[PDB]
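Working notes for the structure below.
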Amino acid sequence: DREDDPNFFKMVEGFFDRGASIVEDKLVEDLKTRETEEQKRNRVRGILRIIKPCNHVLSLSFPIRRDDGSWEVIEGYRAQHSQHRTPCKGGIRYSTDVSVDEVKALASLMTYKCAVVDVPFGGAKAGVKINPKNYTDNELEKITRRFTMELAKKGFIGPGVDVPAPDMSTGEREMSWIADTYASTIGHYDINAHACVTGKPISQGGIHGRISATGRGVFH
Amino acid sequence: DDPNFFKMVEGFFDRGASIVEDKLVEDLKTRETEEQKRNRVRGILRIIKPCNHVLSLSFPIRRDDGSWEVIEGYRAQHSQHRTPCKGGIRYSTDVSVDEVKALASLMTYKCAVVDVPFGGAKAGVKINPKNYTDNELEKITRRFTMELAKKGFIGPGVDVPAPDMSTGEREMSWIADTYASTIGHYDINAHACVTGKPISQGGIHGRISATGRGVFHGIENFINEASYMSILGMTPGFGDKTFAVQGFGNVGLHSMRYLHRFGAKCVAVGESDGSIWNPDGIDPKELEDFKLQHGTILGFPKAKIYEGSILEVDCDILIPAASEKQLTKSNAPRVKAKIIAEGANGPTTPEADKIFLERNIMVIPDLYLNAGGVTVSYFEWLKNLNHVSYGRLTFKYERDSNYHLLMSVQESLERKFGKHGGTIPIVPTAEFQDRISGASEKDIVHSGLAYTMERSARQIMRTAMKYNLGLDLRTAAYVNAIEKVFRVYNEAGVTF
Amino acid sequence: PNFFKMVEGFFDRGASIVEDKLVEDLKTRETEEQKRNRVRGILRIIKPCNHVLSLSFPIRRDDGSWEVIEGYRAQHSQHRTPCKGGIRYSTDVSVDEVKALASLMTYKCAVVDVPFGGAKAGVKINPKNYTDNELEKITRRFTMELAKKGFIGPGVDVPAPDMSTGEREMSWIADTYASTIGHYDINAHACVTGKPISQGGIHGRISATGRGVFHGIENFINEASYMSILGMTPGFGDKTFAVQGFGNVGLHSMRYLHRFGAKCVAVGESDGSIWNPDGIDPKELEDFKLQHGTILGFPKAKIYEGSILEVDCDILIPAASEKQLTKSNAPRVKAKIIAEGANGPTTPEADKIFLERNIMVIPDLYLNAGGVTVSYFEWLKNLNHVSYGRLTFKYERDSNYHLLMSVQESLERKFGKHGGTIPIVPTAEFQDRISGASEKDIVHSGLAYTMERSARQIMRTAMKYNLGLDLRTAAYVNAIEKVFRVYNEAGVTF
Amino acid sequence: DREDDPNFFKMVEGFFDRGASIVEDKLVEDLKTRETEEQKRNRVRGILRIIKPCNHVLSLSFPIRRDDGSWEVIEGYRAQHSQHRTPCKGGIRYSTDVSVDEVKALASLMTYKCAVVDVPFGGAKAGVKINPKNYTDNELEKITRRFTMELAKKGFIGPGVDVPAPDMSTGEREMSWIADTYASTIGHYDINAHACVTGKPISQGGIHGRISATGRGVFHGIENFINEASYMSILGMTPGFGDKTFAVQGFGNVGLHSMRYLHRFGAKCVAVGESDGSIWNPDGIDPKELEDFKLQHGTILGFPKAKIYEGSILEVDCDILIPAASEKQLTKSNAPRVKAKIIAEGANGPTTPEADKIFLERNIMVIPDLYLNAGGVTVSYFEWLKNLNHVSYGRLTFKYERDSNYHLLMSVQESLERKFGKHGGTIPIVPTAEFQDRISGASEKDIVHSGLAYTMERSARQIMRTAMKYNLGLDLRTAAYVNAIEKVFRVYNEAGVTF
Ligand SMILES: Nc1ncnc2c1ncn2[C@@H]1O[C@H](COP(=O)(O)OP(=O)(O)O)[C@@H](O)[C@H]1O
Ligand SMILES: Nc1ncnc2c1ncn2[C@@H]1O[C@H](COP(=O)(O)OP(=O)(O)O)[C@@H](O)[C@H]1O
Ligand SMILES: Nc1ncnc2c1ncn2[C@@H]1O[C@H](COP(=O)(O)OP(=O)(O)O)[C@@H](O)[C@H]1O
Ligand SMILES: Nc1ncnc2c1ncn2[C@@H]1O[C@H](COP(=O)(O)OP(=O)(O)O)[C@@H](O)[C@H]1O
Ligand SMILES: CC(C)C[C@H](N)C(=O)O
Ligand SMILES: CC(C)C[C@H](N)C(=O)O
Ligand SMILES: CC(C)C[C@H](N)C(=O)O
Ligand SMILES: [K+]
Ligand SMILES: [K+]
Ligand SMILES: [K+]
Ligand SMILES: [K+]
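Heads up: the protein sequence lines correspond to chains Y, E, B and W, in order.
For the first sequence, UniProt numbering begins at 62 and goes up steadily by one.
For the second sequence, UniProt numbering begins at 65 and goes up steadily by one.
For the third sequence, UniProt numbering begins at 67 and goes up steadily by one.
For the fourth sequence, UniProt numbering begins at 62 and goes up steadily by one.
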């Protein structure tokens, strides 16, 4: 789909570059500080250069044991575009078409998407390079739980660090397994352990009105 | 030739994994069918091959002139079968994800052959240190440490970085100080988060000489073995042995100094810009003093200027202590040396390795020979966990026991023979007296390295005989490492 | 002069001496004025206490009434963590006293290469006015208040006992920490030193300061270079000494010097003095003081009217009280060596007179660091979670036996069937060492190695800066040089 | 200023001693326990002995590298008076006049200030011994960041341990640097890391209504007593702000807002005083006109619609005198000349205890600083809560409330239209212009204002009830300290003391 298209990653980068050059001159004159005019230009342009790229990108290679007994090494990625607002927020895609560039572009898009709706999260996006159609519900549980463990140990999941969500390829049951693994292992001593992931079922701490949310947003 | 060093390490693993595979299946005693055993072994080897984690960073820095700069950085953790991970930090504009991944994987197997309980890791900050002030380099080092710490890529029990040819002990000190005062403030072992630190910050004595001593002990273990030496048409020991060193750096200088100390004669010393040669012999102390006063070995009074590389010098031992991929298939059939002691990572290409095997030229691999520095970095990590220097509470105790031992021999002999021709004074030799007076931590670190190199040489020799590899010591070393990493995975199991 | 002003003056003197040598030894990309600012700037950071905590905690007396207790704890430096320093229970404790002793501990640890920053606590109470139950409550509550503010922890700050504090207080500090906030710490019991053996204490703690005083004197007395300057022969043979203050330090120092040939001529105390030029036996004097409470009335010694400080001897050891040797009695001291076995027994004005009179004063900074050295070993023992030698005593014994058996089997081959059997067995002294092998032997040797190494460092510093018999200045310069090096190579965060 | 004055430290100690001896006898008889009457006296006096002193005081000496390269060692202090409520709360002062005694006295005062407005924090106060005028913005950032690190490591900063705030000497940019240092270093793993400090900018998690907070508190404090007919008849005055004249001494942030809100409710500003000069007009002074002149010229001197008053505003013939300047201005020498009937302390310690005696003799009601100057403390509690909540106030309920209001109006409209039939036409029930503005402009500040109003209303009644209980009359300061000591005592008595 369009979210996996290289042309869309360049598209988002261009949108940022356009907006940064427009806002630049107004940000310098609005700055009231004890600095020279060249020190103000460096401060504004320096902050814009920090914002543009992804701050962190984690690449994973974790094991899985198939229902038939065979072993498989799974590739995964998670980019955290910005931490100006913590936790980071962003979905998890299960597709063979996921890439580092895709995960970086969608993480950056998330940062600006959150800022326009005053949602206090930095941008993030994960991608597990597998085709869910090739796996059993048991195998998908193993992949989800082990991916959660690898993200948790490296600070890429936690209620105050990074809160993943579903997308077109993941569902509420995968989100439920992510929360369950975190609450029962790394986040056992955390009172807000179930806030490490959103898109959860109602029985697991999900909000009512999640299914209609995007449609109501389009309407409003 | 010029193959990517990343592809080289991958090929070494693939070769070793297929050799060890059949022996790992029959050695497995479990309630499984023979096809279930093949899948379990091949499956664990598929897990070991790739890097488990790779972190890419983009952190800000404010230059001394006030301008801002975004720095790129990477750190790969190849394996966590042994925690913490261990691996250097390179400050170069030529660092890449593939370079950092290949060196991380190489470090896993290098640690495994010398029984150092760490997984492999490697970091790279994409900057040229020559372009930055000491203040700017401090900011880069401190900020990089912060970004690694928050994502679990630095910590005494998680990942312990180290210096490289581009970084030093002052950068290591800033890493330790940033960790100990910010994220690891509450950790009693916060200074064990990084090795290669100065002595004032918790560094081990004997770090500077470590790689050179490891190169010496590695050669020493094979040169004293008469079984291997008779194959190469040589006599055992360093007596009547001539050697040549490619690259006169920290490793080159120390390797030359220790071999010369044991009777070997240095015939030629090569460098990035020019070469030096004297068949009568080159004194390492005289060459060191000239190199420190002039900068280059070119113009040494007791040596003629050699036109060309030192790899094709008529000697017994060739030591490439610098540069990568210097011995290729084009210059391998011209090596007059009989032992090629790899003092650097990846100095010989796999195509040159084939030629050296055909020519019965024993190549002691980098995986084993270049692991002296890794071994004492393990000892530094332990020193910080111990919170005491080695020997601090036992040097005087040992000294008193030694006096009592000699006094017991003296008093026992004086009772057996009497004072017929007087007292029989049993006193320490001049050499033993120097050892007692100069007893310091460095003696224990040197001993620990020597024991590790001796033990690991015999392990590689036994693996070579077990799999009938002969002079293919590199394959023996990778099979030895894969056998050890596999055993940890097989007996621990995989979570979920 | 005040002791708090004294330690400040010692630092200022040492900092100005070491300053010029620190600039030229600095190899960095800076101008000569940038190097002077960096050195002077770092020296300014070291001098004051980094942190000082003042407490006001509640206590309920055994009768039911409530009492608010005052307490303080200063952490002079964190260039080495944890901080280390004792706890004093006295109504005379003050912020300035706690700050001066914390700074003194920084330099004292540095001269003996003990990797701790300086620290000192004081609870403003008179322990004589409280029951053992009330003292337990004060100790536990004080520990809790220190713990919540980062003033106790195995890797943060490790307290120790004082003259007003004992091993039972340390035991309550460790138990309170390990059972409440430090519960999840595997090294919780390493939060305090001076603990009983049953709670994780080292063997050789009681004798530690006395052994340190002995080894400190021993290292200088056996140096012929220094002894010829004082017009004396090297070694303890034909050496006479006098001890002022017959406490734990006084008793042990007297016992160890006597053991090595030195003769005790006089022993002084808070109430009265004892003198016998023929000699005073330390075991006989110890038994009399334990059975009568005081040394006054010792049968083998005449009652000396006055302080022991002016007795005609070779070595004077003030092993108790502060500022006993002052500018008024310094020109009357007959001893050639003054071994400070207590903190600040000689004023800086007396130091000037001793230098003029060629009387070597071994400073408290070095000589009184035996207890600090074994407190480091106790902290290490708790981190190790094992007594010293536990896994190697038997191994070492068997290696010794193999060595002697090898000499025997080799000599029996050389002298064959004529020299019969040649039994190579350990001496009586070596056999006793093997049989009595315990942790105390390793602590004693570890302390002897520290005192030997540190004496040579102070001697080398004295020669480097041409200080001669000014060993106190050599010790402070040695300590400032070490603390500076840690700051210079680590850098300052932000 | 008077918060640096040693006489003010003795004042706060004396206020506590007075309140503790008044509350003592009532605390003994109210105690129902298995103890003798002398055991009850020892328990009450013993707990009050624990409450009086500061529990912890940290003295710091931290390094700083100046922009020229030189090094400087900075002195700093932080006192935590009581932890009967955690976290501790209190500002940070950057002044060369800060001292341990100043930091201890202001820490104790914050314990009792929080207690009267039911803000669940213990008292605390920090002081860095530097003159900010001598440092660059870069140097001040280094000082702020390093000071935060030293406090964090010793438990003197943290969301659940100690939450600092700005002072007159420090601003929102300092607080932002504190929160940023904490969230990036020691508090990195804390989800509430940004709740470690209050007074932060809006972009960093600061509440809307922080700037107006102290002024609204001064207004609501006066409003609660001015509307009470019992107190007003004693002062020979009518209840309400109608026909009420007031004078403000100090045209700062508190002075400007207090003048604006009283004028909005009908009161007439007769005179405004300042550090350099005074302004007076018996016909009235418009706060918006005076604010615009002060912003364009730097001073109120020369205001066209007001004559230049020679002297302090304290003796102007008005009804309400609002000392909004942090100075011991009302002393025993000028207290017998105050023509106002109500003295509203919009600053800490503006009246001396000797002047308090004269005001009681003259039947002049002084609303104390302990209560009236607690508006900013109240919204700092709301800022701390906002950061814990991780959401602005009303974000999920403004639209919900708006829909319910429209349903209530459409119900009245349909109900009436049904009763009078279609013959009586349509009866449109729509919101007033004022209600329509409230609905359209619904934002967080509307809820912060309401929470502050509820707190000031509730606390005024508590002080009034305490005053009647102990027969204090117009001695509202003693009522406020007795109210605060009563609350702190209750926490210690019911929690107990560990060990
Ligand atoms: N993702 C974000 N990145 C940056 N600024 C943000 C982000 N989300 C919100 N903000 C801004 O931060 C401030 C938060 O203030 P607050 O009034 O508490 O928030 P809001 O009213 O938006 O809930 C507002 O200025 C808001 O626009
Ligand atoms: N990096 C490593 N990876 C895997 N196995 C290792 C590694 N280092 C050491 N080992 C193995 O783990 C075991 C550790 O046992 P131990 O006897 O305690 O170690 P050692 O004698 O090597 O110090 C040995 O079999 C050793 O060869
Ligand atoms: N308290 C201290 N402060 C500063 N430096 C110290 C301190 N204690 C020891 N050092 C120094 O730190 C270094 C520690 O190195 P190491 O050889 O491990 O120590 P040591 O041999 O003294 O046990 C030595 O240079 C030592 O002199
Ligand atoms: N700083 C404080 N110190 C002591 N008691 C306090 C403090 N703040 C509030 N209290 C008291 O603690 C109780 C808290 O009960 P609650 O009803 O939750 O509080 P509130 O209604 O005041 O928000 C009340 O009795 C309140 O007066
Ligand atoms: C060898 C072990 C550390 C392996 C670990 N259980 C894993 O799943 O990677
Ligand atoms: C020597 C180091 C512990 C110094 C530390 N970085 C500081 O700023 O105090
Ligand atoms: C009110 C409580 C928090 C008091 C606390 N239990 C103490 O011992 O001081
Ligand atoms: K970014
Ligand atoms: K792996
Ligand atoms: K200091
Ligand atoms: K209190």
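From the three backbone atoms N, C-alpha and C, an ideal C-beta is built for every residue, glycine too.
#1: Would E163/W be called buried (16 or more neighbouring beta carbons within 10 Å of its own) or exposed?
#2: Using 8 Å as the cut-off, can you tell me whether the region 128-137 of chain E makes contact with the region 94-111 of chain E, which would need three or more C-beta pairs spanning the two stretches below that distance?
#3: Output yes if chain B places a C-beta closer than 7 Å to the C-beta of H249/E; else output no.
#4: Give the straight-line distance between the Cα atoms of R234/Y and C257/Y, rounded to the nearest whole angstrom.
#5: In whole angstroms, give me the CA-to-CA distance for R126/Y and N195/Y.
#6: Please name the residue or residues paired with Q141/W in a DSSP beta bridge.
#7: Closer than 6 Å to a non-hydrogen atom of ligand 9 - does that hold for the CB of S143/E?
#8: Under a three-way DSSP split, which group does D337/W fall into?
#9: Measure from the C-beta of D128/W to each C-beta in chain Y and report whether the shortest distance is under 7 Å.
#10: If we define contact as Cβ-Cβ less than 7 Å, is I111/E a contact residue for chain Y?
#11: Under a CB-based cut-off of 7 Å, is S472/B close to chain E?
#12: Verify the contact flag: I383/W, CB atom, against every heavy atom of ligand 11, threshold strictly below 6 Å.
#13: Return the bridge partner residues of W445/E from the DSSP annotation.
#14: Quick one: is the Cβ of residue 34/E within less than 6 Å of any heavy atom of ligand 2?
#15: Kindly indicate the opening and closing residues of the alpha helix (DSSP H) around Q523/E.
#16: Using only the heavy atoms of ligand 9, determine whether one of them is closer than 6 Å to the beta carbon of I112/E.
#17: Quick test of the definition: if touching needs 3 or more C-beta pairs under 8 Å, does the region 137-147 of chain B touch the region 167-176 of chain B?
#18: Indicate whether at least one CB of chain W lies closer than 7 Å to the CB of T197/E.
#19: What's the call for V180/Y, buried or exposed, on a 16-neighbour Cβ count within 10 Å?
#20: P397/W to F420/W, Cα distance in whole Å?
#21: Answer with yes or no whether the minimum CB distance from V134/W to chain B is below 7 Å.
#22: Report the partner residues of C379/W according to the DSSP bridge assignment.
#23: Taking the C-alpha atoms as reference points, what is the distance between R63/W and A244/W?
#24: Looking at the C-beta of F560/E, does it have a partner C-beta in chain Y at a distance below 7 Å?
#25: What does a CB cutoff of less than 8 Å around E96/Y pick up in its chain, not counting 5 residues either side in sequence?
#26: Would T209/E count as contacting chain W if we go by Cβ distances under 7 Å?
#27: Could you tell me the distance, in whole angstroms, from the CA atom of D507/B to the CA atom of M471/E?
#28: Taking all protein chains shown into account, decide if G184/B is buried (16 or more other Cβ within 10 angstroms of its Cβ) or exposed.
#29: Within 7 Å of any Cβ in chain Y, is that where the Cβ of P114/E sits?
The short version:
#1: Only buried fits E163/W, as 16 or more other CB atoms lie within 10 angstroms of its CB.
#2: Touching, no, given that fewer than three Cβ pairs across the two stretches are closer than 8 Å.
#3: Not an interface residue.
#4: Approximately 14 Å, taken between the alpha carbons.
#5: Rounded to the nearest angstrom, the two C-alpha atoms are 14 Å apart.
#6: According to DSSP, residue pairing for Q141/W in a beta bridge involves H117/W and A185/W.
#7: With a threshold of 6 Å, the Cβ atom of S143/E counts as near ligand 9, since some heavy atom of the ligand is closer than that.
#8: Under the three-state reduction of DSSP, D337/W is assigned to coil, being neither helix nor strand.
#9: Chain Y, which has no Cβ nearer than 7 Å to the Cβ of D128/W, makes this no.
#10: Residue-level contact by beta carbon holds for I111/E and chain Y, with a gap shorter than 7 Å.
#11: Taking Cβ atoms only, chain E never reaches closer than 7 Å to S472/B, which makes this a no.
#12: For ligand 11, not one heavy atom lies less than 6 Å from the Cβ of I383/W.
#13: Paired residue(s): none; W445/E is not in a bridge.
#14: Only positions 65 to 560 of chain E appear in the structure, and residue 34/E is not among them; the question remains open.
#15: First-last of the alpha helix (DSSP H) with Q523/E: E505 to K530.
#16: Yes, ligand 9 has a heavy atom inside 6 Å of this Cβ.
#17: Yes: at least three Cβ pairs fall under 8 Å.
#18: Closer than 7 Å: no.
#19: With fewer than 16 other Cβ atoms within 10 Å, it is exposed.
#20: The alpha-carbon of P397/W is positioned some 8 Å away from that of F420/W.
#21: Output row for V134/W: interface = yes.
#22: DSSP output for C379/W lists no bridge partner at all.
#23: Roughly 34 Å between the two C-alpha positions.
#24: Judged by the 7 Å Cβ criterion, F560/E is in contact with chain Y.
#25: Taken in chain order, the residues that qualify are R104.
#26: With 7 Å as the cut-off, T209/E does not count as an interface residue toward chain W.
#27: Each residue's CA atom was taken as its position, placing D507/B and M471/E some 19 Å apart.
#28: Result: buried.
#29: When Cβ-Cβ separations below 7 Å define contact, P114/E makes contact with chain Y.
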